[PDB]
Structure formats: C-alpha cells, structure tokens
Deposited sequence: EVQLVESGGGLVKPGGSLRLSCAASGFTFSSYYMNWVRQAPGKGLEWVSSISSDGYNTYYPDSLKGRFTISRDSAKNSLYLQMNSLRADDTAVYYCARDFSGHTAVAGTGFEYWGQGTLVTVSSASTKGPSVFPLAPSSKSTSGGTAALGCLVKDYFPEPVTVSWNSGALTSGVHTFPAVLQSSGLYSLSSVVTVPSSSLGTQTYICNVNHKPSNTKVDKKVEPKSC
C-alpha cells in the first residue's frame, strides 16, 4: 500500500544543479522521517540526507560538504532533494526512503520502505536520443536493438507490456563513441509469426523519448 515513486533523474553537467522529486502515497505523510540514499552503479549504499516528519530539521553527512538540501511538501505529499556543484562521483541511482514509525523502537534509524530509484548521471557529454532497429527472425528469435543513446537507462517492453514470457533484455554496452547500446529479444513460436504482430517499446526518460518499433520477418 506504501508507494514511493522517484523522478527528475537524468544528465547534469559537472558543477550544475539538479532536483529529484519523490511522490509518496499509502500512509500519513507528515508522520514519518524521510531519507535520500544513493548507490553508485555496481557499488554499495550511502545515506545522502534525512528530514524530520515536520520538515524543519535537516540532516546530512559532512562528506557532502553541505551542497545537498532536502525539503518536504505535505500539500503534495512529495519530497525534494536539490543537488548543487555536482560532479562525476555523484553519478548514482538515488532512492527515496521512508523511516520507521515513530511509535516503534527503531524510529529514525533505518529505511522501512524504498522507492524504485532514479539514475542521476553527471557528465560533460550530451544527452542523445536512441535509434531503434528491428532484429527479424520450432521457435524463432524476435528482437529489437536500441543504439546510440546517452545517458542510461532505457526500458524495453513488448506489445505494450502484454508479452512477458520469454522476453530477455540485455545489459547495455559502452561504445568507443561514448554512446550506449542494448538489445531486447524474445523467443516465439514460428507459426504465430504469420498471425501476430510484434511491437517493441523503448523508453528513454533522460531524453524524454518513447519509440514503438514493428519487427516483422523479412524474406
């Protein structure tokens, strides 16, 4: 019942500023401490910031040197993290978390609930939209390739999410040009290729791009 959804992540130039938002639902918002934590890609977890239930107390670690600010809004039941003087070392997936209940023994010590997390990439490069190409085909392989995009991440669904069985999405690779590329495939029976259309949907939030590609068997 407790929903926490993050947004605002993407590309930010080094030294720039970025605002991350986290919408919360399913609980009394003004009754819990709220927190921001971060995880670098393939690295551990680091607590970033904390705010009290009323919103007048802010807590940060000295490592951040006070360039992060946390605020909360009960009129929208949202939590905001503002980041200034950003650098490449701040590139990470950021989660908004809800603390424990005030009527417990571990109040204000942990992170009971977590959000989906949003990727913040600090780079001197430029955000670029992706190009989606069809990988055309007893069973057969049916794929589509997302190429030349920056920064991470992208999400691939099939037939607006209706198809889930046999869908394998592969991790991206970093090309020498500095652009990412991944592919998504699915194993489908040969007969239904003659009766069912297959659409793959690619979402690239940092560039605000959505693409629907039709993959059809050639020859």
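> Where are the holes in the model when you compare it to the deposited sequence?
Replying inline: Unmodelled stretches, in sequence order: 138 to 144, 227.
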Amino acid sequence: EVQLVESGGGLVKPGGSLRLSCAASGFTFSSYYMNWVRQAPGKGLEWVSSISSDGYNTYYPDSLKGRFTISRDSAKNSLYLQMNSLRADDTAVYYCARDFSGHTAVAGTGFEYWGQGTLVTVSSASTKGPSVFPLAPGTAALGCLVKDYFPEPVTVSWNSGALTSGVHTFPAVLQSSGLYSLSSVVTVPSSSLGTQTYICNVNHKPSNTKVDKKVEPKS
From here on, numbers count along this sequence of modelled residues.
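Report the stretch with the higher mean CA temperature factor, choosing between 138 to 146 and 108 to 116 on the basis of the entry. Stretch with the higher mean C-alpha B-factor: 138 to 146.
Got a sec? Mean C-alpha B-factor, which is higher, 18 to 26 or 192 to 200? The stretch with the larger mean CA B-factor is 192 to 200.
Check your understanding: Which one of 162, 37, 70, 40 shows the biggest C-alpha B-factor in the PDB entry?
Key -> By C-alpha B-factor in the record, 162 ranks first.
Report task. Looking at the entry's B-factor column for C-alpha atoms only, identify whether residue 79 ranks in the lowest, middle or highest third of its chain. Result -> Tercile = middle for this residue's CA B-factor.
Residue 153 - which third its CA temperature factor falls in, relative to the rest of the chain
It falls in the middle third of the chain.
**Request:** Grab the CA temperature factor for residue 31 from the record and place it in the lowest, middle or highest third of its chain.
**Result:** Middle third of the chain for residue 31's C-alpha B-factor.
Inset, instruction - Would you mind ranking residue 92 by its C-alpha B-factor against the rest of the chain and naming the third, lowest, middle or highest? - result: According to the entry, residue 92 has a C-alpha B-factor in the chain's lowest third.
Among the chain's modelled residues, which third holds the C-alpha B-factor of residue 64?
-> For residue 64, whose C-alpha B-factor we compare with every modelled residue in the chain, the answer is the middle third.
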